[PDB]
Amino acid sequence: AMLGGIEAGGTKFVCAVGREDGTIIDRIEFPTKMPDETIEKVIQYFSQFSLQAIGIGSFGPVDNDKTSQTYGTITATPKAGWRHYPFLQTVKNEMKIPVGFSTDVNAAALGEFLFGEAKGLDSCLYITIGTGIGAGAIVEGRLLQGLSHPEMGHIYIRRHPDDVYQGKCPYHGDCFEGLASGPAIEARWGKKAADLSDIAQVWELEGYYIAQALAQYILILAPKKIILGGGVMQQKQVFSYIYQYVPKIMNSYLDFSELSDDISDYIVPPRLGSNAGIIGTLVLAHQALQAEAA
């Protein structure tokens, strides 16, 4: 009963083989290059296994409307060749088994929903903070997909009055991702994020920005758990600042222990560590396989 997953990133692809309970049997990774040659490496890796289904969690924006002619393509990216490349369809054509598709952060959300911190709940929100910011939400046990999947990393939070950085996002400048991604932390401070470890000021600022973003998500979706992952969130100090700032921002407007005394159990790192997304792509495989039996 083996399943394949592809977590398509802008810098790397991670492919894996595993089971529906989330165990990883095997995995490989390789640099993201042009699509033809990148997917060819994908196919070459899976050809060794007898797989029943595959799931793709891709960086987006993507067309995640099953009824759309461009379903399963990346709809916007500056990365050469990926926009409008028939990603889902080329994998379906070559492997000839069901293939599920979603964003990478939707994949992480399913992982943490079935096997991680949101197991037993019916709602959660997974936010990744790395090269980009993105988030995926589960409402009533099902991924949130409206007109588009969400693009929660491009909301315009309020600047800090002492921050003079113009922002990294090429569309918005100083949206959340623009102010608070890993690359925004570097462009702002002049060194790599992992190396700013001991400059408290960087992490108060980062936490202030995440906190503002979370206030909005709480007011708008009100998820029953918020899981924060990605490279930047390896600085576990950021959590303590978020815990201090969310309540100050909300200012007691919504009386839930999740938002005050027990906030440290509401906004948490992922139980699956950095594997939420790849594990979640096994879930997307499994769903695709069940939809074909249906």
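When you see a residue number, it is the position in the sequence shown, counting from 1.
Relative to one another, 31-39 and 236-244 have unequal mean CA B-factors, and 236-244 is the one with the higher figure. Stretches 153-161 and 121-129 differ in mean C-alpha B factor, with the higher average recorded for 153-161.
In the deposited coordinates, the residue among 140, 104, 112, 195 with the greatest CA B-factor is 195.
Taking the deposited Cα B-factors for 84, 168, 79, 224, the highest one is held by 168.
Per-chain ranking of the deposited C-alpha B factor places residue 134 in the lowest third.
Residue-level temperature factors show residue 184 in the highest third of its chain, judged at the C-alpha atom. Among the modelled residues of the chain, residue 98 sits in the middle third by CA temperature factor in this PDB entry. In this PDB entry, the Cα temperature factor of residue 176 sits in the middle third of its chain's modelled residues. Sort the chain's modelled residues by C-alpha temperature factor and residue 146 lands in the middle third, per the entry.
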